[PDB]
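Each chain, written out:
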Amino acid sequence: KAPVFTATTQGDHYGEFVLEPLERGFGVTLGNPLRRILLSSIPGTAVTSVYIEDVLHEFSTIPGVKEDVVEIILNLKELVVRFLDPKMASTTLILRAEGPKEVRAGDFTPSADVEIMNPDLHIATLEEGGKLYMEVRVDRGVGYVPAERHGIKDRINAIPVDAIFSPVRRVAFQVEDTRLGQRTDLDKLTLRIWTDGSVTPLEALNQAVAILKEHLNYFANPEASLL
Amino acid sequence: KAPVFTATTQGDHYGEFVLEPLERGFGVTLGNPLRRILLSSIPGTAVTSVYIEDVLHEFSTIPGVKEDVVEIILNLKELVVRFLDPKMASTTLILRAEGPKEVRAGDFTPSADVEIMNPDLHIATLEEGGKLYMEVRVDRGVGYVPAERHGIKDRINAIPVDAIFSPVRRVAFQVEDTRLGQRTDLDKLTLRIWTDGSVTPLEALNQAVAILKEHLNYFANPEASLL
Amino acid sequence: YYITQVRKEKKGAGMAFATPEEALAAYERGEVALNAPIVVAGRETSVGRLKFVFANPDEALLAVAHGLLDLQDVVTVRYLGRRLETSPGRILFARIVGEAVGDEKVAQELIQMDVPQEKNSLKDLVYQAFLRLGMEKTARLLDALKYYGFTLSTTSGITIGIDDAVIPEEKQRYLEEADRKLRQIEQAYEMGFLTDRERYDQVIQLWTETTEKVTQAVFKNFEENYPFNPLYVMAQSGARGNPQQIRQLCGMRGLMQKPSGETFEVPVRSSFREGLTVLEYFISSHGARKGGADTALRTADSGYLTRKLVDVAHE
Amino acid sequence: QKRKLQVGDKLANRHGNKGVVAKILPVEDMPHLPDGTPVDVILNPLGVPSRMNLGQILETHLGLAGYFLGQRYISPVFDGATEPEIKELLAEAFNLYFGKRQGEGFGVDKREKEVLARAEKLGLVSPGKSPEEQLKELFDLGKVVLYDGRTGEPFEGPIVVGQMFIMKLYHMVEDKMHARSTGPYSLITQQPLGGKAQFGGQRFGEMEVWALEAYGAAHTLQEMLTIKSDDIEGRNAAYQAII
Amino acid sequence: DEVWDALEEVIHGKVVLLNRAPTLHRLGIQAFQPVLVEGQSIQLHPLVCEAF
Amino acid sequence: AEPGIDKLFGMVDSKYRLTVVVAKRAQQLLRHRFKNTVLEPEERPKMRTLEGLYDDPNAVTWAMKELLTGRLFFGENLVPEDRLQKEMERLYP
Amino acid sequence: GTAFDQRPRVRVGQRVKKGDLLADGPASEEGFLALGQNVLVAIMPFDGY
Amino acid sequence: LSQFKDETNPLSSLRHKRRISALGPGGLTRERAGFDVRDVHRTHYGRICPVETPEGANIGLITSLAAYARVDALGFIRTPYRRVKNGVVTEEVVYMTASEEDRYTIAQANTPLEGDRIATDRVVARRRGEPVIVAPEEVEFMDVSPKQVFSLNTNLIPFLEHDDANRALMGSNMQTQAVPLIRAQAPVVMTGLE
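Residues numbered from 1 in each chain as written, not as in the entry; some residues may be left out. Chains lettered and ligands numbered in written order. Part of a larger assembly, values for the part shown. Heavy atoms only, no water.

- What the entry reports as its method is X-ray crystallography, with 4.01 Å given for the resolution.

Put into structure tokens, the structure is as follows:
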């Protein structure tokens, strides 16, 4: 009846929260809903497709590049950006690098208003005289949308890719029986939220609670159809 | 999109509520959390205190009665009585029965701010010339507190009884496929409420969402720390 | 175990495709199963190892736990800087272990990433931990496998129905064959070839093998048809049960033993799920209630020995 | 005394399955059903394949249908209902149960679809049949779809349930629990009295002495052999010092 | 609560011992942390429960 | 589990020698009420409580954390049994 | 210590035939030995409880 | 042979009365009983319960009487049977003694009875407790019911043929360890002996 909700975070990635004490059973009522929404909602960057020169098939190898096509696709999925203005819900990032080089997420050519929050990342290695050019597509949304789902092709040979939407990675809360004075039936519910960096766990959770009470207030206007 | 919320009741006993459309899987994320608190924190009565002229204990046998005191309490725990006023913290019910008659919840002495929702509730069977005086104090509370945890001290033989408050009998929700929204694989939440007389199903869901949203905004400003 | 259990369907039939596209369309059309070992181009891979490409574990969980994949399926993952082909739960294991020890680099280094984790593997892992790591480290690891293992067991919710052990259709067959072989041994008793004792032996051995022609079929049935069956798995991973026990709970129970100690000459057939006739039960109860005192009594001689050994090597 | 089933009191069924009560649990979070009916026990499916008693299984199997039909069954010893009979009662109970869902304005739950699917992959329900028939084969198998009161998501595989007969045995923690600090002592030797009513502590067997010796606890063993047992000035200097 | 807490104050640190009969393995006597719980029953860790 | 055990065991040659050390030292800690020891106010084994967070009165734990640092010296026939209890009762009341 | 109770089963008056039950036993339900009770059993692992 | 009555419940005294102890002054003791005075003799059948007995070190030492078993003046135990003449079940109810049993050839209650007659040409029966295939002619007697093959408590166990003796033991004795209940309720599945 007097919750002490606190938070222990680190950087923009990891964060923890403790709502203690509480009534028996409520910790669960809080745990799943917050969790289910934190990974199925919460808008974010999520790169979608990519195009590449000389590379038509998503299989056929690209000479001059150490890694194959797929490896690059993966590294591209791990990458994360952000849109500064709410107006742009879709942009296009580009890049070109020749000769021997260490290609990175930083080496990526700029965009209108897009900041790559993940500058240091391995994308691909280029051998002697390696010709590489690619134009990636980045939209916004929520949840998970595999290559099967979105059929995006902004070019002739473009290659749809898994969309990592939810900036969050894994939550997995835990409720433990806590004791204060009398009545050991109490909830010490603790939540550990992981974020890619788009938003710190604090902001993510605080967004979730909004997506919660908002949905809750949806019960206003009864309509009596009595059977 | 705006959720179509409809409320179909029947009496103070049955009622069904539907909210469609909704997000994928969300129907659980909303429907179950509500059901949880719904079956726990809803305030109720189911009496507390009982006394009869000739009784020394819960096992005693009164002449003219078919059942012992404990079988009478077995029906006293099943006794529902609503309060016409939200401000009362207690009451005292009165009862008298003579001659060959079957006593029941409807046989009580009517008063202000009281209504029995089950006049057909069989209490005791009075045989030939069987005389029985009785009185109970039905206090209102929240949750489940057995007689062993609450005292009475009304008088010489004041016998406590278990307290089943929770006017909610059972709650069942179902998540189906809704036809009311743009995309597919969405949910149509249907929450079904079964309660007795004390509170209407609609009211139930109301205060349920109240307590749910309350413990929900408990997520206010925490206290930072980092290792 | 249940989580690390690698599931493989048979529906796909393992056909051959030139490009991933035919296989894909096949999956959607229901012409091929998910984890079915099919063939694309010049290589072979399940529909899962293609339709699911995870550049990291968190991606795997985020996809599966979200409901787009089954906890145990053959997929392609990038876990710990390498491209493997495994299951989400499979990764989860090494993950929990490492998160308990604190560096998953040594964790996955000493664990089996190939086969599901049963009693043995778990044991070995604990040992290797207490030896390479340290005491508290292992206490942690143990508790980890406790909490997560338990919760997972609750997740699966595996239960036992009457139909959770089905007797092979080879029971009636392979046994009705022995029903003829017995009659043959009898014809030999009346033809002078066989006497009364060598007949007893021919029958006792006929049933000794007849118990095998069925007991084998039991396990071959749980392996060929229902690998996810609760009884089978329980006894397999080492959760509960033993082979002879599952034998009497599915296949034929087998010949009993007369209280005089000479084994009986008559077959019982029916299993516990089938149900035993009055006769079968009473006949069995002899050596059955015999075993009770056989153990219960000997528990005393245990103390008898113990105390003495203590009174010799104490100094 | 009116004793209510406590936590830890003995409980068993007619099939010789013992057990104690480990921590009851709020009706709120319980593995209930689509009709909002929570189960009352949650027994462990382990001591069945080992102790080999399939009786509780068939008992509960019949109970599962007998729930919806309310008809009390009588199965004589070594002469009784068989698989086909019970299977029929299950087909009947389902045919009216699911029909109560159709009538009450509903259909097949999405979660149920999920379970039916992942169960169809292992071949638990014959493929090619609509959810009605799959859940019909399952419901008659003794198993159904259970929702976790905590989460709200359905359990992976189907879980068998039904009505079973259980018994609260003699042994009650209330009467078997006890402990003491400084009690009476035997007249002959100053050793603490034993048993419960005597208001006394337990015995340290030769077995225990040996165990402690194996650990290497010198003083802990001496404590058992002096200050805490028959010693005179020792126990007094203990209650003296500690206090 | 004057006691129900102070007792916890003398409890912290030191740990008691639990013995299951018969005592075969020395492991049939182990030392556990005295965590006060409601009820007359006694809780024990499910793993080492085998040694007893 | 008792943190440091892997290190504690790894100090003394035997097993029980550790117990003798922890015990005798803890005895010295309860004799003088912790005003002997080698720990700074942030090393002190605090005990959290609903009331206030003091230093854990348990001597065993105090001795644990004490030896874990190594600031303590132990051995057979280290110093005369006379002065060892003579100057220990002097320096502190 | 187990109580001995007999619950009357009959109305204030009715005619019955010899052999008909007028009162239950300590364990008896309508002339049927009743030990314990019938509950809804769930066969499934629960958090190792 | 005289101890405290078992009032734990009604069935409790009813079992405690039908119990047969091999101990006592003029019986035997825990020393001189190895196997013999414990083990189940072929003739036991419808006389002594093959399962019910204390799970402790007294297994087989103290058993109970069979629900249909009887004890005459001489002290022997006679179990009920039914005479039959060439596939015809006679209303004749014979209480055959232990020795009397070894003479005739008894069938089973689960035998193929078609309208007071035999159905199959191979029927279940025995001699001296020795199960053998038998013809519809050579059948001299038959079992009244499988109930007699067990005790009281043991006969309160439904689908008992689907379980094992080990568990049936406790399944019975615990019913004696049972306690009454205020709201007590009979099982919705019984054997109909209650």
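Quick look at the overall build of chain G
Here's step 1: Helix and strand content of chain G: 0 helices and 3 strands.
Here's step 2: In sequence order, chain G lays out its α and β elements as β-β-β.
Here's step 3: Referenced to the eigenvectors of the C-alpha coordinate spread, the extents of chain G come out at roughly 55 × 25 × 20 Å.
Here's step 4: Going through the 49 residues of chain G one by one, you find that 37% of them count as buried.
Here's step 5: When the accessible surface of chain G is totalled, it reaches about 3100 Å², and 52% of it is carbon and sulfur.
Here's step 6: Mean positive and mean negative side-chain charge positions of chain G (6 and 6 charges, respectively) differ by 17 Å. (Helix = DSSP H or I, 4+ residues; strand = E, 2+ residues; numbered from the N terminus. Buried < 20%, exposed > 50% of the residue type's maximum accessible area, 1.4 Å probe, protein only. Areas by Shrake-Rupley, 256 points an atom, 1.4 Å probe, with all protein chains shown as cover. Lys, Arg positive; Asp, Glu negative; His and termini not counted. Charge placed at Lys NZ, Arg CZ, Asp CG, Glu CD.)

Some thoughts on the overall build of chain E
Here's step 1: Scanning chain E for helices and strands turns up 1 helix and 2 strands.
Here's step 2: N-terminal to C-terminal, the α/β element order of chain E is α-β-β.
Here's step 3: Taking 52 residues into account, the globule formula puts the C-alpha radius of gyration at 10 Å, and chain E, at 13 Å, lies well above it.
Here's step 4: Principal-axis analysis of the C-alpha atoms gives chain E an extent of 40 × 20 × 15 Å.
Here's step 5: Across chain E, contacts joining residues at least 24 apart in sequence account for 28% of those joining residues at least 6 apart. (Rg over C-alpha atoms; globule rule 2.2 N^0.38 Å. Contact = heavy atoms within 4.5 Å.)

Describing the nonpolar core
Here's step 1: Judged by nonpolar contacts, the single largest core of 79 residues is most densely connected at A:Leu34, A:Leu38, A:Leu205, C:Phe54 and C:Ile111.
Here's step 2: In terms of residue count, the dominant contributor to this core is helix α3 (residues 201-216) of chain A (7 residues).
Here's step 3: Excluding anything up to four places from it in sequence, A:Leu38 contacts A:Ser166, A:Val168, A:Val171, A:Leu191, A:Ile193, A:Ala204, A:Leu205 and A:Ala208.
Here's step 4: D:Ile42, D:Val115, G:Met44 and H:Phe159 belong to the second-largest nonpolar core, a separate cluster that totals 37 residues. (Core = buried A, V, L, I, M, F, W, Y, C linked by side-chain atoms within 4.5 Å.)

Comments concerning the packing of helix α1 (residues 26-40) of chain A against helix α1 (residues 26-38) of chain B
Here's step 1: Close contact between α1(A) and α1(B) brings their axes to 9 Å; oriented N to C, the two are set at 170 degrees. Put simply, α1(A) runs roughly antiparallel to α1(B). On α1(B), the residues that touch A:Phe26, A:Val28, A:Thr29, A:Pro33, A:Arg36, A:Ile37 and A:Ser40 of α1(A) are B:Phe26, B:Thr29, B:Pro33, B:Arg36 and B:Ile37.
Here's step 2: Broken down by class, the residue content of the contact of α1(A) with α1(B) amounts to 7 nonpolar, 3 polar and 2 charged. (Axes fitted to C-alpha atoms, helices over the stretch in contact; angles between N-to-C directions. Parallel < 35°, antiparallel > 145°, perpendicular 65-115°, else oblique. Nonpolar A, V, L, I, M, F, W, Y, C, P; charged D, E, K, R; others polar.)

Overview of the packing of helix α7 (residues 206-215) of chain D against helix α8 (residues 218-225) of chain D
All names here are of chain D.
Here's step 1: Direction vectors running N to C along α7 and α8 enclose 160 degrees, while the axes themselves pass 8 Å from each other. Taken as axis vectors, α7 and α8 run roughly antiparallel relative to one another. Judged by the twist between their axes, the crossing of α7 over α8 is left-handed. Along its contact with α7, which presents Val209, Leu212 and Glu213, the element α8 presents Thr220, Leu221 and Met224. (Left-handed = near helix turned anticlockwise from the far one by under 90°.)

Some points on the interface of chain B and chain A
Here's step 1: Of the residues lining the interface, 39 residues belong to chain B; the matching set on chain A comes to 42 residues.
Here's step 2: Both sides of the chain B and chain A interface together cover about 3600 Å² of buried area, and 67% of this is carbon and sulfur.
Here's step 3: Its largest share of buried area at the contact with chain A, chain B owes to B:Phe5, B:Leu216 and B:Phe219, together 19% of the area lost on that side.
Here's step 4: Our count for the chain B to chain A interface comes out at 0 salt bridges. (Buried area = accessible area lost by both parts, 1.4 Å probe. Salt bridge = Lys/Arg side-chain N within 4 Å of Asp/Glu carboxyl O.)

A word on the relation of the copies chain B and chain A
Here's step 1: Each copy of the sequence occupies a distinct position, and chain B is placed on chain A by a rotation of 177 degrees and an axial shift of 0.6 Å, giving an RMSD of 2.1 Å. Put plainly, the chains are arranged around a two-fold axis.
Here's step 2: When you check the interface residues of chain B against chain A, 92% turn up at the interface there too, and the contact is symmetric in its surfaces. (Least-squares fit on C-alpha atoms.)

Quick notes on the interface of chain B and chain D
Here's step 1: On the side of chain D, 22 residues touch chain B, which itself brings 27 residues to the contact.
Here's step 2: In this assembly, chain B packs against chain D so that about 2000 Å² is buried in total across both faces, 45% of it on carbon and sulfur atoms.
Here's step 3: The largest per-residue losses of area from chain B upon contact with chain D belong to B:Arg35, B:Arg36 and B:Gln174, which jointly make up 27% of the total buried on that side.
Here's step 4: One salt bridge connects B:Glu58 with D:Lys2, and the closest N-O pair in it is separated by 3.5 Å.
Here's step 5: Joining chain B to chain D, the criterion identifies 12 residue pairs in polar contact.
Here's step 6: Elements with a contribution of two residues or more to the side of chain B that touches chain D: β2 (14-20), α1, β13 (168-177) and β14 (187-195) of chain B.
Here's step 7: Looking at the side of chain B that touches chain D, its residues break down into 10 nonpolar, 4 polar and 13 charged. (Polar contact = N/O pair within 3.5 Å; in protein donor to acceptor, adjacent residues only side chain to side chain.)

A look at the pairing of strand β2 (residues 14-18) of chain A
All names here are of chain A.
Here's step 1: Where strand β1 (residues 6-10) lies against β2, 5 bridges are found, and the strand directions are antiparallel. When the bridges of β2 are listed, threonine 9 appears paired with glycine 15.
Here's step 2: Taking the residues between adjacent antiparallel strands as the criterion, β1 and β2 are bridged by 3 residues, where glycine 11 takes a positive phi near 55 degrees.
Here's step 3: The sheet contact formed by β2 and strand β13 (residues 190-194) spans 5 bridges and is antiparallel. Counterpart to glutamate 16 in the pairing with β13 is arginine 192. (Pairing = 2+ DSSP bridges.)

Some details on helix α12 (residues 278-296) of chain C
Spacing of three or four residues puts side chains on the same side of an α-helix, whose turn is 3.6 residues.
Here's step 1: For α12(C), spanning 19 residues, the distance from its first C-alpha to its last is 27 Å, which sits close to the expected 27 Å at 1.5 Å a residue.
Here's step 2: At C:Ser285, α12(C) shows its largest kink, close to 35 degrees. (Expected span 1.5 Å × (residues − 1). Bend = angle between axes of the 7 residues up to and from the residue.)

Notes on the side chain of A:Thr45
Here's step 1: Note that A:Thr45 resides in the loop between α1 and β3 (47-52).
Here's step 2: If we ignore the near neighbours within four places in the chain, the residues touching A:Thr45 are A:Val80, A:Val81, A:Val138, A:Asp139, A:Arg140, A:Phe165 and A:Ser198.

Digging into the environment of C:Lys146
Here's step 1: For C:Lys146, the position within the fold is in helix α7 (residues 135-156).
Here's step 2: Sequence-distant contacts of C:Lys146, defined by excluding residues within four places in its chain, comprise E:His45 and E:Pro46.

Some points on the sheet that holds β13(B)
Residue and element names in this part refer to chain B.
Here's step 1: Taken in spatial order, the 4 strands line up as β1-β2-β14-β13 in an open sheet, and their pairing is antiparallel. One side of each edge strand has no neighbouring strand; the edge strands of this open sheet are β1 (4-10) and β13. Neighbour-to-neighbour, the strand axes of this sheet turn through a mean angle of 15 degrees, independent of strand direction.
Here's step 2: The pairing of β2 with β14 spans 6 bridges and is antiparallel. Within β14, the residue paired with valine 18 across the bridge is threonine 190.

Some remarks on the packing of aromatic side chains
Given two aromatic rings, one states the distance between the centres and the angle between the planes to describe the pair.
Here's step 1: Enumeration over the complete set of coordinates arrives at 22 aromatic pairs over all chains.
Here's step 2: With 5.3 Å between their ring centres and 10 degrees between their planes, D:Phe94 and D:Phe98 make a pair best called stacked. On the criterion of helical spacing, the pair formed by D:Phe94 and D:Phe98 is a turn pair, its members being 4 residues apart in helix α3 (residues 83-103). There is no split in this pair, since D:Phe94 and D:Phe98 are both buried.
Here's step 3: Here the aromatic residues D:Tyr67, D:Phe68, D:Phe94, D:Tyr97, D:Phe98 and D:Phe139 are joined through ring pairs into a cluster of three or more.
Here's step 4: The ring centre of A:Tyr133 lies 4.4 Å from the NZ or CZ of A:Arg96, which sits over that ring.
Here's step 5: Above the ring of B:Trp194, the side-chain terminus of B:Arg170 is found at 5.4 Å from the ring centroid. (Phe/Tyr/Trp six-rings, centres within 6.5 Å; stacked < 30°, edge-to-face > 60°. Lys NZ or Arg CZ within 6 Å of the ring centre and 35° of its normal.)

Some remarks on α7(C)
All names here are of chain C.
Here's step 1: For α7, built from 22 residues, the straight-helix expectation of 32 Å at 1.5 Å per residue is met to within 8% by its first-to-last C-alpha distance of 31 Å.
Here's step 2: Among the residues making up α7, those that are buried are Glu136, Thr138, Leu141, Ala144, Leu152, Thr154 and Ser156.
Here's step 3: Of the residues flanking the end of α7, it is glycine 157, one or two places downstream, whose phi is positive at about 65 degrees.

A few points about the arrangement of the chains
Here's step 1: No interface is formed between chain B and chain F, the nearest pair of C-alpha atoms being 16 Å apart.
Here's step 2: Separated without contact, chain F and chain H have their nearest C-alpha atoms at a distance of 38 Å.

Considerations on the pattern of salt bridges
Here's step 1: Scanning the entire structure with this criterion turns up 85 salt bridges over all chains.
Here's step 2: C:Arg83 is paired through a salt bridge with A:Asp68; the nearest N and O atoms lie 3.2 Å apart. With C:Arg83 in the loop between β5 (75-77) and β6 (84-86) and A:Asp68 in the loop between β3 and α2 (69-78), this residue pair bridges two chains.
Here's step 3: Among the residues examined, C:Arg83 registers a relative accessible area of 56% and is labelled exposed.
Here's step 4: For A:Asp68, a relative accessible area of 22% translates into the label partly exposed.

Looking at the sheet that holds strand β9 (residues 132-137) of chain B
The strands making up a sheet associate through backbone hydrogen bonding, with each pair oriented either parallel or antiparallel.
Residue and element names in this part refer to chain B.
Here's step 1: Overall, antiparallel pairing links the 4 strands, which are arranged β5-β9-β3-β11 in an open sheet. Bordering the open sheet on either side are β5 (93-97) and β11 (159-160), each of which pairs with just one other strand.
Here's step 2: Looking at chain direction, strand β3 (residues 49-52) and β11 are connected through 2 bridges and run antiparallel. The residue bridging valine 50 from the neighbouring strand is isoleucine 159, located in β11.

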